[PDB]
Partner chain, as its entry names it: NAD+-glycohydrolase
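Okay, so here's just one chain, in structure tokens, the form deposited without its partner chain.
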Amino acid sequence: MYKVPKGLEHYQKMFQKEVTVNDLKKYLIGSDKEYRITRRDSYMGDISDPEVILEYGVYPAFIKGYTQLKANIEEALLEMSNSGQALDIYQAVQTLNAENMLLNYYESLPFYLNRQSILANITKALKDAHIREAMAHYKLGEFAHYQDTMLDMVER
């Protein structure tokens, strides 16, 4: 069934109010359906897409004046990246990747994440076999999923 997609105002209601570190963790992972933000076409629909969170949620809210989001999302990423949990580390990497790709398109952003500690935590996690293997597998999955989308367009 066609459903009307979520409006800009839909995200505004979630992000122009008190938002805690813990809320931000739950949004960025999005395993809990109540905090799950995704694009229509996206690898692993049971998990959220940080790029949609940044582009349509956090950055508009920050510009409006909710500028505590910067330090709080930093703390959120700090805790996710030092958690020893593969999926939490993956969404932290995916959030860093999203900033980069958005920076490259827009040529500026309303704020820049302090990424050194987070990056340091990710490298520590990469030393662990299970973590880096789980992350390789997610990464390879995302490639396969994108390639399957290119196939359909070839068919048409």
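The term rigid core refers to the most C-alpha atoms you can superpose between the two forms while keeping them within 1.5 Å. Numbering follows the first chain given and starts at 1.
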Subject >> 126 to 134 set against 64 to 72, stretch whose average Cα temperature factor tops the other in the entry >> reply: 126 to 134
Original post:
Between 44 to 52 and 97 to 105, which has the larger average Cα B-factor in the PDB entry?
Top reply: 44 to 52
Original post:
Whose CA atom has the top B-factor in the entry, of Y112, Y90, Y35, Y59?
Top reply: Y35
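Although not depicted, the form solved in complex with its partner chain is the subject of the following passage.
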**OP:** Could you confirm whether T38 comes within 4.5 Å of its partner chain in the deposited complex, counting heavy atoms only?
**Re:** yes
Subject >> Interface membership of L102, its partner chain in the deposited complex, 4.5 Å heavy atom rule >> reply: yes
Original post:
Would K127 count as touching its partner chain in the deposited complex under a 4.5 Å heavy atom rule?
Top reply: no
Original post:
So, in the deposited complex, is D148 in contact with its partner chain at a 4.5 angstroms heavy atom limit?
Top reply: yes
Original post:
Since the chain is shown here on its own, which stretch among 51 to 59, 111 to 119, 64 to 72, 127 to 135 would lie within 4.5 Å of its partner chain in the deposited complex, judged by heavy atoms?
Top reply: 51 to 59
**OP:** Superpose the two forms on their rigid core, then report whether the C-alpha of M135 is displaced by 2 angstroms or more between the shown form and the other one.
**Re:** yes
Original post:
Would you say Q68 moves its Cα by 2 Å or more between the shown form and the other one, aligning on the core?
Top reply: no
Original post:
Is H145 one of the residues whose C-alpha moves 2 Å or more between the shown form and the other one after the core fit?
Top reply: yes
Original post:
Given that the distance between the C-alpha atoms of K139 and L102 changes by 3 Å or more in the deposited complex, do they end up closer or farther than here?
Top reply: farther
Subject >> Direction of C-alpha distance change in the deposited complex, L96 to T149 (at least 3 Å) >> reply: closer
